[PDB]
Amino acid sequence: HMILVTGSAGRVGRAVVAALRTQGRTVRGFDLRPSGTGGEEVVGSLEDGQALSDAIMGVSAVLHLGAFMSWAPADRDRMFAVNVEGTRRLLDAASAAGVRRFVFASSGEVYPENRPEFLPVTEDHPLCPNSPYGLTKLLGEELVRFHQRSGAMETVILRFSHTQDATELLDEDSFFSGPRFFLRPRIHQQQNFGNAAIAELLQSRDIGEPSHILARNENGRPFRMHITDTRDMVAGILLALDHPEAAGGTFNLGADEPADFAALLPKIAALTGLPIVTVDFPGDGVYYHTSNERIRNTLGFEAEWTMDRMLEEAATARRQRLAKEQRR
């Protein structure tokens, strides 16, 4: 019963592989780069037919978390090659090899949570992505649905919440949470994204010392979104892998409730000591609630990493980091 995990060197993938191996289960990784764990893994690409064949031999179940997420147009062809065509051929290879279950990591971008038609967003919400990435995940879901209806291989679609390791939340250098909660990282981010008007706007709000940012829309409505701990995502993925009721299912996977930035930022500020700069962005901004009621009542999923628990652990890590910079 070997389990194949693609994206096994990534945030969610590596934690899934570690949980499985801690259970003593046989796992094979599949990622562009080594995990650094020395465990069995393919180093290679989802675009490579040879790698796909090597990866699937003797495999009983597949956790397909490997995907490319990019903003720039120059990366769009690659994103479709990896996310759509890579997923298509991985499905066909899995099916032909007699894989028993295939779990697919999708995204809230298939709805999209950035522009919902109603709240809370349920699995029955229309799938109308507005980003090329979200489009790739929708096409991916459609490939999965085809195998679901047509073969012996069981499938599960899991639409991921935005996911962070707790320690990422209070790290200015983290890819997502830095720009999300800290003003200067966001300036650098937007500069690199080439969003000139935004980067100079943010610049205009800098107060002479590092600060947090409380993001709001043009009407002063604070951003609101789900941020789920990697450990809760791992728990849901293992449920999708093992629970009998997950077969043929599609589930939102994430924490119960979103974080409202008007309540989150002062909690973050209380742990960092940094002041808060409030910025009203042009547009309607971000504001969503996503229901995980289906996965809770079907698979018995229970998220346990509340923002408070996550923040408590993020803060401890930040303080240990400082004490090295500080040498205190």
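From 1 onward, residues are counted along the sequence shown.
The PDB entry records a higher mean C-alpha B factor for 311 to 319 than for its counterpart among 13 to 21 and 311 to 319. Higher mean CA temperature factor between 177 to 185 and 107 to 115: 177 to 185, per the PDB entry. Each of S291, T26, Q50, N297 has a CA temperature factor in the record; the biggest one is found at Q50. You'll see in the entry that, of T228, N192, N252, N130, the Cα B factor peaks at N192. For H212, the recorded CA B-factor ranks within the highest third of the chain. Only modelled residues enter the ranking. Sort the modelled residues of the chain by CA B factor and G98 lands in the middle third.
Per the deposited record, the Cα B-factor of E154 falls in the middle third when ranked against the other modelled residues of its chain.
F30 sits in the middle third of its chain by CA B factor, as recorded in the PDB entry. When the modelled residues of the chain are ordered by their C-alpha B factor, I268 lands in the middle third.
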